[PDB]
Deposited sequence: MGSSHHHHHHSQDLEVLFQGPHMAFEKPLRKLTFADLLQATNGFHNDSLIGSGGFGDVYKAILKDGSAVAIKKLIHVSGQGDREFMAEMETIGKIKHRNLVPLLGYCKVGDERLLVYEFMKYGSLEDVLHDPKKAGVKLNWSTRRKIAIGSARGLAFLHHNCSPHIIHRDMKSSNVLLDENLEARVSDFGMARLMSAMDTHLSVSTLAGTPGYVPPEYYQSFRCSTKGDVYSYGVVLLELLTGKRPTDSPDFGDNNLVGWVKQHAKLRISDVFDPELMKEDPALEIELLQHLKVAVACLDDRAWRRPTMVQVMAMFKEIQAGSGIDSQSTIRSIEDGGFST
């Protein structure tokens, strides 16, 4: 049957970003207090809070060097709504202060939460896939996220995926195949091969980073620095381990609930590897990844 991929919120009727006063966020974080801290950060610290509306938010205090990550976020996630993208609700810009206020996502990031069975994990892979295809295939210019990872997948009340952290994000004209940057930005164990060779990002880069995050869901392990790995990231630990046995790489917890999903779990691993191809052009688009997951389920 025929799917329509993107039928999320019409933007014209959507709540605009609320420009928030500093004093407001200062009071609600109880003084940007350490106990109100959720996120010790690359680009800022993240404070849990409740506004004067009663609405739960997560506030990102961005660190002022002597405002690119602010503007990266305003120009991309601040312009768009989708069920699988975190809702940026408002912002604050005073003097040299740049704050970003998000809807608070009840179960925090996926990494922290890794308390969820297989049906719940595939719901996370698919929903996280869908949100990355939004960025690639349904925005123009395309959005290249440039930092996909477990801690950048948040989880709501119903445990659906919500792609997060757009501080790295970049707009790329639909007419272009790549975009040229200045530095190598990434999170260790997530960085695609060709980014080490060139200062260029692409949507195909995001596809690589995506697959790693699929392994995390398959195997239940961190992407780097776990006891079994030895020398390599889990891209290496999955790639070599295979010939020995494939089904051993899977998270015990999934396998333990049922011997019947042994096969449903293998095919999802075929998708993840395809994303992890060393030649960008051979990788599925986030839209092909979605069809891959849907074929599997019939």
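Gaps in the coordinates relative to the deposited sequence fall at 1-12, 79-81, 130-137, 322-341.
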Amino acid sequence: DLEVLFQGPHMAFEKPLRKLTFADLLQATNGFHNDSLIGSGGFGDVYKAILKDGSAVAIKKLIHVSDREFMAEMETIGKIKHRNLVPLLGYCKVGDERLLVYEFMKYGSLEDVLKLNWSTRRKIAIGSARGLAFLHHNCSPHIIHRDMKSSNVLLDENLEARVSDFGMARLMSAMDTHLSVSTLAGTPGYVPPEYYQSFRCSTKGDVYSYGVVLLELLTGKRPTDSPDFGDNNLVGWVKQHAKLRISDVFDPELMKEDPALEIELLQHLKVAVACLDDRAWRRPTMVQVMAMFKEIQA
From here on, numbers count along this sequence of modelled residues.
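For the segment pair 126-134 and 102-110, the entry gives 102-110 the higher mean B-factor, averaged over Cα atoms.
According to the PDB record, 239-247 carries the higher mean C-alpha B-factor of the two stretches 239-247 and 268-276. Set against one another, the Cα B-factors of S140, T76, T219, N152 in the record reach their highest point at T219. The deposited CA B-factor of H82 belongs to the lowest third of values across its chain. Annotation for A298: CA B-factor lies in the highest third of the chain's modelled residues. Ranked against the other modelled residues of its chain, the C-alpha B-factor of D206 as given in the entry falls in the lowest third. The PDB entry assigns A72 a C-alpha temperature factor belonging to the lowest third of its chain's modelled residues. The PDB entry assigns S180 a C-alpha temperature factor belonging to the middle third of its chain's modelled residues.
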